[PDB]
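S.K.: Can you look at this? It's an experimental structure, sequence on top.
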Amino acid sequence: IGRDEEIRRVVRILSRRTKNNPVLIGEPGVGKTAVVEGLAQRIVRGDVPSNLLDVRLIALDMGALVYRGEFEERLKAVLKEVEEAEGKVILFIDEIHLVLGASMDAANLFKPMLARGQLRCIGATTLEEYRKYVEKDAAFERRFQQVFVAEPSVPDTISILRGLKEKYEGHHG
Amino acid sequence: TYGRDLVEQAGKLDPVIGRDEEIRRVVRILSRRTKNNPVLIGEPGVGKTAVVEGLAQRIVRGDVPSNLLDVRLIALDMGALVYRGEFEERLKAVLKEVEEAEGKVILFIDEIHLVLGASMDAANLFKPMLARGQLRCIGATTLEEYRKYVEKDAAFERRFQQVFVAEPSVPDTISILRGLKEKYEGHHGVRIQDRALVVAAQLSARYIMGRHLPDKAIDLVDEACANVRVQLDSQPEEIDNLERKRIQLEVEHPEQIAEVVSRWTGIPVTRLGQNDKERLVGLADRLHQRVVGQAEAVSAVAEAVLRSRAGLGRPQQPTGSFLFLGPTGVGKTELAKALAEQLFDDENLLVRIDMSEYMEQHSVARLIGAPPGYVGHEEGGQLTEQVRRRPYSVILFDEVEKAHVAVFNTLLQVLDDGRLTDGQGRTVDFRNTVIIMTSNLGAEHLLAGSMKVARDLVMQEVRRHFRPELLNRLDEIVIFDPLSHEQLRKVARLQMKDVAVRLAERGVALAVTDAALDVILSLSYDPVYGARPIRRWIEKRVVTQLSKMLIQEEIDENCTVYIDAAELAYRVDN
Amino acid sequence: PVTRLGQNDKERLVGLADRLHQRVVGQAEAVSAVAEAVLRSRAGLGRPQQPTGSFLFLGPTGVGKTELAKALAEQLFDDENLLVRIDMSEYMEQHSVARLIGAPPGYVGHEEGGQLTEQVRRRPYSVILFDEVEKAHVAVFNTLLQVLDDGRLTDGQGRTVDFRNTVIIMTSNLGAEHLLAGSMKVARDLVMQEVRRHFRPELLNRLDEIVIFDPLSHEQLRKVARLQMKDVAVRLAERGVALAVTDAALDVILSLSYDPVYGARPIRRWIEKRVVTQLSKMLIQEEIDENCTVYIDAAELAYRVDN
Ligand SMILES: Nc1ncnc2c1ncn2[C@@H]1O[C@H](COP(=O)(O)OP(=O)(O)O)[C@@H](O)[C@H]1O
Ligand SMILES: Nc1ncnc2c1ncn2[C@@H]1O[C@H](COP(=O)(O)OP(=O)(O)O)[C@@H](O)[C@H]1O
Ligand SMILES: Nc1ncnc2c1ncn2[C@@H]1O[C@H](COP(=O)(O)OP(=O)(O)O)[C@@H](O)[C@H]1O
Ligand SMILES: Nc1ncnc2c1ncn2[C@@H]1O[C@H](COP(=O)(O)OP(=O)(O)O)[C@@H](O)[C@H]1O
């Protein structure tokens, strides 16, 4: 609860025709996965505008998905087979910088279809990784737009504690 | 086959207009007997692919001279065409299988430098037949690639000629927007206006800094075009916000395009209302609380902010610069803190810059963006990343005079006409930040005192110390007037209100009389030091006395203390 | 543009002086010198071993030394900021020659791009402007003698760059006190003898012409006041409000806030900080409608609102 702004921003940017791949930026410990799960709950409930009522959210797990050639052809088959939806599926990736900007060489392989705009991707990382990895190349800057998340409101935290009190009360009794 | 054909795609690529010059240049250079391989050069974001598609449309329609009426345009896709040796032999097969035309085909390559000048070794392989002149090739890349890739060898310079593309024409961009309006109107199906279009075109080139030449206004208009559909055609969001706040309560128990640019980087240039009316009216009165008896500086800063917000003012200035001169401990930074708190809800967003450790001129490399020459690791300067992504901040200096001449003589260019270039060559805009400086010179001459002769002495000293040039640029220089007994009493009351509220947080009320203020100011006043001793004395006496009396459990709830002259007498009552 | 001239070039070259005589007021000598230099270069005559004119500007501060250069740059071509600004405020030590000119590729050869190498390349018709020339090191300044002699220049890589069409223009602040003290002939002689004694008696022969700016008088003050009024007038009229003034208003404006030493900046500062803030404050309270003209007259100042 209490994250009404980032969901609205993501809804606004996703419906845009071109350059519609938002990337969450911010320091750790503020709730990036929390707002992602909030968006998932919103689409499950159906409060989102009906323009995205025929989309299923799928996440990628590095540990679950893991010779380098075997890993490469497995991933290539994965992004070849996800194409059966053709624009009605959203792919979520955590720790984009480690698996893309890096070590293993995959940036050149991931560039073509991403530039073509095969699907819509969502990322999440800290701003230091943005300053250190993505600013040294002119290719990835074509897409992706910054979205800033911060929680400096002391009065808001009380609402979060009130919301989360019930689970702990039930567990401890 | 494995490439890409563009003849049939021209039926449904977007129309391109307003590029009548580069097509003519390419047509003229393609009919030359020898050295007829044009290469497009220019910064990204201007439309190199756009003019290529325009040429393709021209040849499809047939307006091209008949000398090139028997030619098809084939493009090459790196990803489509991709062991290294297998790749080499496949490309070799492509280049010998394309020879069946023998001069009646043009090969287009994008990002020629990455795949040719480079890693994989193909330059020596591509040199011989290219020098022979088997066909005609077209490239496209930026100018830095030309600077650092092709100038290091004497082979590729035999062919290829530079073609320069740029879009600095503001009036032309309006034509581009009018041309591209139809596709977005058809896709969204919502009524639009023209004044909004021209306003967006005018605004896109001044406030939002970055990207490149103003062909980026399409994204700005598309943002609002997408927002309006969800706002109106789809479910409204105001009711959703209202019901969300109701749920939270239950749990605990042409104007449109102005909004997007406002929320993009700040700078609330949105249309003003009655709330802004009385806020701007009462800005001076609200700012006249933390500081006392400083009418000149308060009026200056208030009128500067109001003038900047109204809509007038030269667009080649940082919207005000000031120099503060006066005694120590009079409230120089208190006015800056109060102004920062009043302008926006933040308390410490202002950036504090001091040069107490900038005595040696070798500190320029860390004050400003250092060159990437040696290691390029500490490129983050002192005034580089703070102003970026936040151009509405307030920058505050401190003891400016104590700096070296060289370090201080690099902030003249920004005070002249704004903008600044760092080692990396990026231009950062100081077009909305209020620059404020301060210094302690001329304190002795002022505290010695007539007032007029002291002011003249201070002014002549500051004129003689600094060069007679920089003192012209500063918008206004003001001197703080030492305060009197009434200001002393008011500041004493203001200081005591803080401990009053801090104690009242625990549930104890405070009340005092005029005689208490009189004795407090009489016992511990020094004209030289200003106002610090008052706070030090009142704290070190009253707080310790109250805490010592409270520890012994002499205070209950709903108890009010009273202070009066005898020194001081403490009375405890309900 | 060495192409053949027509009647449009005819009257353009005829009226170049008159058109340039707008931004700069009461400086006939420098304006005439620049106009004749440009006309002579365009006509077709002139020695082919010169940069087509070099000038030195000497005078008080805040008189309009760079305003003439800006107006000339705007008039010559439609660009407004194509001129290259070169300053040596950070060139006190002679070790900055390697960055002023094309550095040798000896050590790493990475910063080979000099200060005066890539700008003039692919653009040999530009205008190069110096600033506070006297505040440089002697060794640093003693490297441009060769170009002023016969053109051309060699950098670290050995490439020859040609300064065969660029109008080199410099300026300096020396001799200000002697001029502002004042007869005028003795002040001019003092300034000339000081500048001769400071510099070597060799370089002063190469410069085509040295001129001194004459301090302006009351009529020039009134004209520049009107010129400064016009800017805010058009800026406000962009919103749809007309402006009008009287002679007495200009008289009081120039009388209240004039200082002979500083030149013309205080006039602009005062007029802005008073008139603009007064008009903005009165406009905020919604006292202005469309098709409304403001009038200013002496009493100080009185503001009258009318259709
Ligand atoms: N609005 C919220 N309500 C409840 N819990 C939250 C909220 N926002 C954040 N959190 C908590 O913060 C944590 C977010 O951690 P996360 O940012 O994913 O760590 P990292 O940045 O290392 O991945 C979650 O475990 C979640 O419990
Ligand atoms: N004359 C024009 N009319 C309409 N759109 C244009 C025009 N010129 C450029 N554009 C837009 O600018 C973009 C050019 O991008 P491009 O230069 O290909 O990027 P990059 O340089 O990174 O390859 C195109 O997407 C096109 O929509
Ligand atoms: N209206 C006021 N007039 C004078 N002094 C004030 C006023 N309000 C606060 N002060 C005091 O002035 C102090 C500010 O000190 P300051 O002048 O910033 O020191 P320095 O000049 O060494 O930085 C604050 O500690 C505050 O207690
Ligand atoms: N015709 C004129 N005569 C005198 N001053 C003028 C004229 N036109 C403009 N000015 C003023 O002269 C100023 C130029 O200052 P300048 O002499 O360049 O300072 P500096 O010599 O320190 O570079 C401009 O700000 C402008 O307001």
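M.R.: Sure thing, it's come through. Numbers count the residues shown, from 1 in each chain, chains lettered A, B, ... in the order given. Ligands and ions are numbered 1, 2, ... in the order given.

S.K.: What residues of the helix or strand hosting residue A:69 count as buried?
M.R.: Here residue A:69 sits within helix A:68-81, counting by DSSP states H and E. Within helix A:68-81, the residues scored as buried using 16 or more other Cβ atoms under 10 Å in any protein chain shown are residue A:75. Quick note: C-beta positions are derived from backbone N, CA and C, even for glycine.

S.K.: Report the distance from the longest strand seen in chain A to the chain centre.
M.R.: In chain A, with assignment by DSSP state E, the single longest strand is strand A:120-125. Its chain's C-alpha centre and that of strand A:120-125 lie 3 Å apart, by Cα atoms, centre = their mean, to the nearest Å.

S.K.: Which other helices and strands does that strand contact?
M.R.: Applying 3 or more Cβ pairs under 8 Å, 6 or more residues apart in numbering or on different chains; DSSP states H and E, one finds that strand A:120-125 contacts strand A:22-25, helix A:32-45, strand A:89-92, helix A:96-100.

S.K.: In CSV, list these along with distance to ligand 3 and mean neighbour count.
M.R.: Below are these laid out as CSV (distance: least, Cβ to the nearest ligand atom, whole Å; neighbours: other Cβ atoms under 10 Å in any protein chain shown):
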stretch, distance to ligand 3, mean neighbour count
strand A:22-25, 36, 20
helix A:32-45, 40, 15
strand A:89-92, 50, 17
helix A:96-100, 42, 18
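
S.K.: Can I get these in JSON lines including distance to residue A:129?
M.R.: Output for the helices and strands packed on strand A:120-125, formatted as JSON lines (distance: least, Cβ to Cβ, whole Å):
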{"stretch": "strand A:22-25", "distance to residue A:129": "9"}
{"stretch": "helix A:32-45", "distance to residue A:129": "13"}
{"stretch": "strand A:89-92", "distance to residue A:129": "17"}
{"stretch": "helix A:96-100", "distance to residue A:129": "4"}
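
S.K.: Columns distance to ligand 2 on top of these, output as a markdown table?
M.R.: What follows is these, written out as a markdown table (distance: least, Cβ to the nearest ligand atom, whole Å):
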| stretch | distance to ligand 2 |
| --- | --- |
| strand A:22-25 | 19 |
| helix A:32-45 | 29 |
| strand A:89-92 | 24 |
| helix A:96-100 | 19 |
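
S.K.: Would you mind telling me which of the ones you listed is nearest residue B:32?
M.R.: Smallest distance to residue B:32 across those (Cβ to Cβ): 44.8 Å, for helix A:96-100.

S.K.: Can the closest one be said to contact ligand 1?
M.R.: No - if you take Cβ under 6 Å from any ligand atom as the test, helix A:96-100 misses ligand 1, and the best it gets is 12.3 Å.

S.K.: which other residues reach that helix?
M.R.: Residues from elsewhere that reach helix A:96-100 (Cβ atoms under 8 Å, 6 or more residues apart in numbering or on different chains): A:23, A:62, A:93, A:106-107, A:110, A:123-125, A:129-130, A:133-134, A:140.

S.K.: If you drop the residues flanking it in sequence, what lies closest to the residue with the shortest distance to the centre of chain A?
M.R.: The residue lying closest to the centre of chain A (Cα atoms, centre = their mean) is residue A:122, at 3.1 Å. Closest residue in space to residue A:122, ignoring its immediate chain neighbours: residue A:92 at 5.1 Å, by Cβ to Cβ, 6 or more residues apart in numbering or on different chains.

S.K.: What residues does whichever residue of chain A sits closest to ligand 1 make contact with?
M.R.: Of all residues in chain A, the one sitting closest to ligand 1 is residue A:31 (2.8 Å; Cβ to the nearest ligand atom). By Cβ under 8 Å, 6+ apart, residue A:31 lies in contact with A:3, A:149, A:151.

S.K.: packing partners for the helix holding residue A:69?
M.R.: Other helices and strands packing on helix A:68-81, by 3+ Cβ pairs under 8 Å, 6+ apart, are helix A:62-65.

S.K.: give me phi/psi at the residue in chain A positioned nearest to ligand 2?
M.R.: The nearest approach of chain A to ligand 2 comes at residue A:142, 6.1 Å away (Cβ to the nearest ligand atom). Here the main-chain torsion angles of residue A:142 (degrees, to the nearest 10) amount to phi -60, psi -40.
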